[PDB]
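Quick note: numbers below take in every heavy atom, side chains included, and nothing from hydrogens, waters or symmetry partners. Note that ligands are numbered from 1 as they come in the structure, with each ligand's atoms numbered from 1 the same way. Residue numbers start at 1 and run along the sequence shown.
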Amino acid sequence: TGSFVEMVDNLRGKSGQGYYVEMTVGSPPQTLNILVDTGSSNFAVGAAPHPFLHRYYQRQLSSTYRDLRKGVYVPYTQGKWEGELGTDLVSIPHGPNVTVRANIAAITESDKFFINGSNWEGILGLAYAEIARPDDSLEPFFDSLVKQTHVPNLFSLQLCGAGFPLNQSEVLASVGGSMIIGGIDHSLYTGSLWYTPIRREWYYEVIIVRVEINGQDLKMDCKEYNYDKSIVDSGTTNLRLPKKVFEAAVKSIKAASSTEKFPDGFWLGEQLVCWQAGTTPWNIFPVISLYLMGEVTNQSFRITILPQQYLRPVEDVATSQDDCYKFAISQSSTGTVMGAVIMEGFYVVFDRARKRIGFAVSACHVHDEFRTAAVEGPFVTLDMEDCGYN
Ligand SMILES: CN(C)c1nc(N2CCCC2)nc2ccccc12
Ligand SMILES: [Cl-]
């Protein structure tokens with residue numbers, strides 16, 4: 001650990017639209033806001049006009065451009081981007097102060113990929129080469145940065161949700177957090193770092209062993225928590241959970257928050273819920289705890305999130321006083337996805353060199369006077385490798 005003072009407060013954005021870092025590409029430098037995505041492995045940037053892009057990468061204006069003369073087709077969940085592969089010199093201004101040659105995918109066509117008014121123009125895929133496209137021989141950005149410079153094979157992410165909804169303009173003002181490249185910044189967390197092993201180097205896959213709602217165990221075969229696979233994914237908004245796990249949690253959260261009642265749509269993430277300015281009854285909503293496999297035999301540790309995390313602020317401007325929120329937990333056929341919602345509670349260390357992911361309580365996590373996110377351990381769990389789906 002130490003102090004990485006230029007890289008602190010370098011991200012902007014929100015859970016609904018993603019978090020981005022300023023990068024430059026080419027000679028002379030072309031500035032672009034790039035989404036930080038731990039759930040993919042391509043460095044891909046808008047390279048042609050699009051209604052939602054205010055600017056883009058212009059290969060014709062860069063002396064250091066080289067065409068790799070291959071195309072790339074990445075289907076997204078719904079829609080796609082299509083790219084022309086190449087290489088160019090790449091920097092991060094509020095970054096490690098080193099320029100590297102990297103594979104860049106010049107996006108030329110795309111559908112349902114860019115977000116309207118998002119203020120990012122590309123994607124920095126930080127995952128491993130195994131899920132890069134067209135295949136693993138395309139070296140990802142981070143692999144290249146390590147090999148070309150002296151930077152340690154490790155990065156860390158502090159995503160900072162504000163307590164309230166942010167406009168298009170306010171996202172640029174409001175600080176969104178920190179990506180630390182090549183290290184761990186001691187001032188971005190309190191208490192201790194607890195590490196879970198990375199199960200496989202493709203996505204950042206982890207093993208969840210136990211789940212609690214206000215200390216109340218969900219009491220399932222822990223294969224159901226990792227049903228298919230569990231991942232840490234900055235490019236996903238919600239905490240996504242498998243079907244059986246999702247329903248059991250919703251029932252448990254409903255019951256704990258029974259002081260009030262909410263429509264069925266709220267629990268399916270569609271309808272807003274709204275209280276008067278400041279009177280959000282956080283105390284009636286329960287904390288959610290995920291136990292992760294520790295790197296010692298028969299040890300787990302616990303990350304605990306608040307309703308401040310799993311209820312995203314979203315404005316309506318129908319009575320502009322009210323504080324409104326959407327339910328930021330949802331169903332998955334992927335297995336568990338620990339999106340921005342979860343990550344906004346914690347400082348997450350991606351220790352690729354030692355094949356593990358660290359968790360600590362974020363200094364910027366949103367909370368009231370009487371509660372706070374936690375990272376706690378150890379806990380003697382038995383048969384934790386049987387929680388893995390294989
Ligand atoms: C930031 N997340 C939520 C993303 N949203 C969308 N939008 C969802 C509706 C249209 C596109 N596209 C992405 C593409 C890559 C990585 C993250 C995201
Ligand atoms: Cl989502």
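Side-chain contacts under 4.5 Å among hydrophobic residues (ILVMFWY), followed directly or transitively, place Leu306 together with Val287.
Judged as a side-chain contact (heavy atoms from CB on, under 4.5 Å), and not counting sequence neighbours, the contacts of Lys254 are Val250, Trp267.
Between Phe327 and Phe246, the ring-plane angle classifies as tilted under the 30° and 60° cut-offs. Aromatic ring orientation, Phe113 versus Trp81: tilted (interplanar angle from 30° to 60°). Under the 30°/60° scheme for interplanar angles, the aromatic rings of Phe114 and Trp120 are found to be tilted.
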What short N/O contacts, under 3.5 Å, does ligand 1 make with the protein, listed by atom pair and distance?
| from | atom 1 | to | atom 2 | distance (Å) |
| --- | --- | --- | --- | --- |
| ligand 1 | 2 (N) | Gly235 | O | 3.4 |
| ligand 1 | 12 (N) | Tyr76 | OH | 3.2 |
| ligand 1 | 12 (N) | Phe113 | O | 3.1 |

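The salt bridge (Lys or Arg N to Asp or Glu O under 4.0 Å) analysis of residues 41-60, with sequence neighbours excluded, yields the pairs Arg55-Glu121, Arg59-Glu84.
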